[PDB]
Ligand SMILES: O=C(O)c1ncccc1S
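Taking the form deposited without ligand 1WD, here's one chain by itself in structure tokens.
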């Protein structure tokens, strides 16, 4: 009867008429709510990308790093990279479907918000929030475009930085819209929460609204709604929100797994290849392992993904995995030629860096880069202040990131985009334990292995905290139900259940020194797993699982590594370990703890009692 709902006049790239019906309704409905000045339907092209970066550059939002081929630096408002667990929520009808109800009495395993409370929060944030801004429409695929394991999302955002970062971290643009058609998609809505004219001052040219920041997931509506943060997992909605939180629930419903894991292909000196997956928490070295440069001659490691794994059993019973991402969103500090040479090669072109330092010659810098600068070369830190090494504060944010295309990794796996995925033959769990836990062990069965994931603990970055499956920040639903879902894989037709190992790269001696060199040397641990998967009698039984036999690991080229301390298993340590695990599972999982996990707990306690 007027113009009405129709936002066609405001579209500055693409066409509302070209969009699938449901994609149009999502765009237009949110344009009516958020009141953007313009709508830009992203095409994913090189031209779109370069022009948006230059626009951000001209506005002071990013800086060009002149030392490299098409690389960039964003410095954020320091408020927009903090602990946001309290403000990261999942909405379901019943709380218990999202988190187990704890016995006493705050859950560490997720954060639920009622539908009613979320609706009020939403209405207090989104109306008018994009006034004076462009709403970008990002059509994106999580996984290779053709894969039956891939899933499609549409992200609406008012941040150009999100558009640029999503082009790297997902497959995005017109091809995705054409693959989608009338199919289902995850609705992803994001705003930085700073309508124009600005009500509060802009800090460091970085739009955000810390007071109203809220990152919400609505699995039953297939929706992610995020407000107030421009940063990382809060804004690049494909990564944690979709590919872990939403996806873990879809995976529960549909019979597959969405995990905080790397995927790698390892080939031995007789040309035999196996794929492995590994779940470690943030700051425990997934990205180092996924891109490993092995030291043992004749071995080769190739990278499928470094952070998220999606996995489903096929009709042959193979556990097929895809990497749903298109890039690596990797921790910058600590990355060097010695810790990750393949990453260093990857990130020297077409890469966006966030919150790292800049050298006077237009290069990047961070703690642990291990590269001397020429005399006269100076460094600008991440807070835009001159910085000297003798100063107390750090130069780059400790969780600062690179965002790089996966196709540029020199050891990217030839099957990293294969639509059927790669067959997983082993699953590795691990974290930072300074004491008690040996370098590597093998779980005794599937059920024991699920227990091993459930029992994971790690030093916080002193305090040791539970982080089951490295998924504590990411469960899309009740953790006890997640354990039951893992256990149910053993009831599948023809399932070839992978060997579950637990590793510890981080054990230390009584003065604080690491007992194992790690990095490329971890190839020696992977050799042992490869053979154990092959059925080699290289294993000795212990109470916690199988460990390598004396002389089973190749230790040539390493000095006198203290194997007695590194593989030591102490009754007193493991007695304490089991009681703590018992109390945690009772409190935090309570009535939803599967019978099989309580049984594995009882069995471990018993094996320890007989030492």
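Residue numbers count along the first chain shown, from 1.
> Count, per the entry, the deposited residues between residue 407 and residue 408 that are not modelled, and return the matching class: none, 1 to 3, 4 to 9, or 10 or more.
In the deposited sequence, nothing is left without coordinates between these two.
> On average, are the C-alpha B-factors higher in 5-13 or in 589-597?
Per the deposited B-factors, the answer is 5-13.
> Which is higher on mean Cα B factor in this entry, 576-584 or 553-561?
On average, C-alpha B-factors are higher across 553-561.
> Considering only 96, 385, 448, 273, which residue's Cα atom bears the greatest B-factor as recorded?
The C-alpha B-factor peaks, among 96, 385, 448, 273, at 385.
> Which one, 306, 302, 325, 370, has the peak C-alpha temperature factor per the PDB entry?
Highest C-alpha B-factor among the listed residues goes to 370.
> Among the modelled residues of this chain, does the Cα B factor of residue 116 put it in the lowest, middle or highest third?
Top third by C-alpha B-factor.
> Based on the entry's values, in what third of the chain does the Cα temperature factor of residue 34 lie: lowest, middle or highest?
Ranked within chain, residue 34 CA B lands in the lowest tercile.
> Quick check on the deposited entry: does the C-alpha B-factor of residue 350 sit in the lowest, middle or highest third of its chain?
It falls in the middle third of the chain.
> With respect to C-alpha B-factor, does residue 293 fall in the lowest, middle or highest third of the chain as deposited?
It belongs to the middle third of the chain when residues are ordered by C-alpha B-factor.
> Should residue 524 be placed in the lowest, middle or highest third of its chain by the C-alpha B factor in the entry?
Lowest third - that is where residue 524 ends up once the chain's C-alpha B-factors are sorted.
Here the subject shifts to the form solved in complex with ligand 1WD, a form of this protein not shown in this document.
> Look at the candidate spot formed by 280, 432 and 504 and say whether ligand 1WD comes within 4.5 Å of a heavy atom in all three of them in the deposited bound form.
Yes, the whole candidate spot contacts ligand 1WD.
> Residue 189 near ligand 1WD in the deposited bound form, any heavy atom under 4.5 Å?
No, no contact at 4.5 Å.
> Please determine whether residue 284 contacts ligand 1WD in the deposited bound form, using a 4.5 Å cut-off between heavy atoms.
Close contact exists here: in the deposited bound form, residue 284 approaches ligand 1WD to within 4.5 Å, heavy atoms only.
> From the candidate stretches 496-504, 265-273, 130-138, 206-214, select the single one in contact with ligand 1WD in the deposited bound form, where contact means a heavy atom within 4.5 Å.
Going through the listed ranges, the match is 496-504.
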